[PDB]
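Asker:
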Amino acid sequence: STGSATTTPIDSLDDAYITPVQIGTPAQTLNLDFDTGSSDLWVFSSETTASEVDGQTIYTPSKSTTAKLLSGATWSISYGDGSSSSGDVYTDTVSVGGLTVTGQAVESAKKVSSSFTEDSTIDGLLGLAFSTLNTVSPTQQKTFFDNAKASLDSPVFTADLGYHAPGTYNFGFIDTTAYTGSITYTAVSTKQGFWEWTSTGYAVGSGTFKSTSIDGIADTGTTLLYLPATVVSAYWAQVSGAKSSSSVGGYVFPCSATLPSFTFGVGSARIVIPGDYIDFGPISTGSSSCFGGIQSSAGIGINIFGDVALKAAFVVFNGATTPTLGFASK
């Protein structure tokens, strides 16, 4: 089997992407944030504290003939950005882009933090990291990909995120029309439960490439590119007037700037992030200070190749017995 679904930016900045997902019978379609940095499929639901729901579409398990309470199971997650959610668990039929999994754990939120409530466009998350990170207790549950894998034509999914435009998540096949050149594959460590890999270096603008190993995670659920302070300083030093602002929470730059590109290495290959991808716009409405899309990972504890990096590439998440990651230009 295969599946193919369009993923759409939630706003003009590509702060996140939503993908429609069919849950239950008859189908209830919710728009979920596909997140290769976590491993829970959770939704706003009829059980979510009413004051914490503000415009989201909810899953109502009582209206699904295939929903079953997973008795005794609870979940609770906290994300890198400080947001969180928790609740109980149903199993139900879940389909993405024509690919159907029966008996998928659908984690129903009883509580969500303010960041979730305040974003009316995201109805939940669909985790695509390794199932070892799944938070369901006392019986850990499998991700949608893990459940689908054996049925897929090939044990892979791909992320093709757009810059200020829709893109695609495919399951079970590689669309050879969706990228240019060849795909370069690189080793993955699953030791921390992430799609963790090592970039071979970077360049800033038309500058020379610096060969240096940068361990990090391919994370579709993180907006920005978080790299070591040395790398980030080298980038922003090429933008007149750019500075790190403790009050704003990272590097800002004059909105009048033209940003240089940023290149990262994948083996001997190179992925170029155009400068425009690094512009996250005014820090507040009307401001002439703009927020940067490359930020320091210092004090996160891990480097994160988030959407800013991934949307410059066609990315293969290869879930074969020994997983790997592939990157192509597009």
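If you read the sequence shown in UniProt numbering, its first letter stands for residue 90, the second for the next number, and so on.
A virtual CB, placed ideally from N, CA and C, is assigned to each residue, including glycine.
1. What's the gap between the Cα of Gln117 and the Cα of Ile147?
2. Put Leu222 into one of helix, strand or coil per three-state DSSP.
3. Name the two residues that bound the continuous alpha helix (DSSP H) containing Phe234.
4. Quick one: Cα of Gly290 to Cα of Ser128, how far?
5. Just mark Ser174 as buried or exposed, buried being the case when its beta carbon has 16 or more other beta carbons within 10 Å.
6. Could you tell me which residues DSSP puts in a beta bridge with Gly92?
7. Taking three-plus beta-carbon pairs below 8 Å as touching, is the stretch 232-252 in contact with the stretch 158-169?
8. Between the C-alpha atoms of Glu136 and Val190, what's the straight-line distance to the nearest angstrom?
9. For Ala402, which of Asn392, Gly415 and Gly390 has the nearest alpha-carbon?
10. With DSSP as the reference, please indicate the residues paired to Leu215 in a beta bridge.
11. Let's test the definition: count the other Cβ atoms within 10 Å of the Cβ of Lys332 and tell me whether it reaches 16, buried, or not, exposed.
12. Under 6 Å Cβ to Cβ from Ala358, same chain only, skipping five residues before and after it: list those, please.
13. Within the same chain, show all residues whose beta-carbon is closer than 6 Å to that of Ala346, passing over the 5 residues directly before and after it, in chain order.
Answerer: Taking the coordinates as given:
1. 8 Å
2. helix
3. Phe233 to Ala237
4. 28 Å
5. buried
6. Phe260
7. no
8. 23 Å
9. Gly415
10. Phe123 and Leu130
11. exposed
12. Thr273
13. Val328
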